[PDB]
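A single chain comes next, written as structure tokens; it is the form deposited in one PDB entry.
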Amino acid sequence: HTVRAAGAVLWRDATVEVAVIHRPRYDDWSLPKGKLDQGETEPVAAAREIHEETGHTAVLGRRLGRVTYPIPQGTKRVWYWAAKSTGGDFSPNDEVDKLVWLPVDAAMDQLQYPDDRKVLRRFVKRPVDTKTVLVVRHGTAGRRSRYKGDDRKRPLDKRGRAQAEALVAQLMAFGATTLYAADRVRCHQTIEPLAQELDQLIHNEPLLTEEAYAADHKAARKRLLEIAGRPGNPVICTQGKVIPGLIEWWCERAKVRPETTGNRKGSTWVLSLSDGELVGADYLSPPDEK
């Protein structure tokens, strides 16, 4: 059987230091990580494990690939994120008795596991003090054909509504702060629960609908870079025939290679930017899909 896990390179600005944790049961030094709970997404699990093992709050940024290791019951697969500390503090807990803060070169020597060192090498290979644009395909909204009315008004269905609620923890894990939706009800409804969590308004985006993108993709590209250039971490909720075009165009331009890809309803692209440059493009499946 395969156990799904998530973890992080937790870092702080002391000037970058990374957190290495000591687990006395095994007596080893490692990166924070643990198993996904039922219905949990990998990012939410990574943030939860950071808090349980380190005592810190953090904001996730770039994804740092995946580690696979054999366990008695089979295989454990761990997706890792860069995570900037935003608060809290370390007190000994059930898993961890010691935490050190080390510069990367010293952390490399401290780590027990070769695959943790590989994660740390990926961490240092690109900027970590990044801002984040979260491009979300709206949740499930039934069929165009079976809808009676202006399709622009077609609402999320029950599943899509549940996806919208499950995206709050997802997007909050990346420190979402500002909200944008294409001019379709199903796009606005997808981030309505996050708007309620942040107490922030959603900015309507007529250029980012399927019809507008089809007729003027250059206006859509320009609007995306404008939103991305503003302070904060924006969520942009749009449609299936817009997202691949925008993501592939930015990735090709920046020479960024996505490790995963897809376009499902309720999916998220985490676009990591440093000084205006795309440095990561991480596709996250919908919160209710593997």
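One rule holds for the numbers: they count along the sequence shown, beginning at 1. Here, rigid core means the biggest group of C-alpha atoms that superpose within 1.5 Å across both forms.
Keep in mind that the form deposited in another entry is missing from the display, and what follows is about it.
Open item on the list: Relative to the superposed rigid core, does residue 150 relocate between this form and the one not shown - that is, does its Cα move 2 Å or more?
Closed with: Yes, the C-alpha moves 2 Å or more.
Task: Closer or farther: C-alpha pair residue 211/residue 150 in that other deposited form, relative to this form, given a change of 3 Å or more - done: Compared with the shown chain, residue 211-residue 150 is closer in that other deposited form.
TODO: Quick one: in that other deposited form, is the Cα gap between residue 147 and residue 195 smaller or bigger than here? Answer closer or farther; it shifts by 3 Å or more.
DONE: Result: farther.
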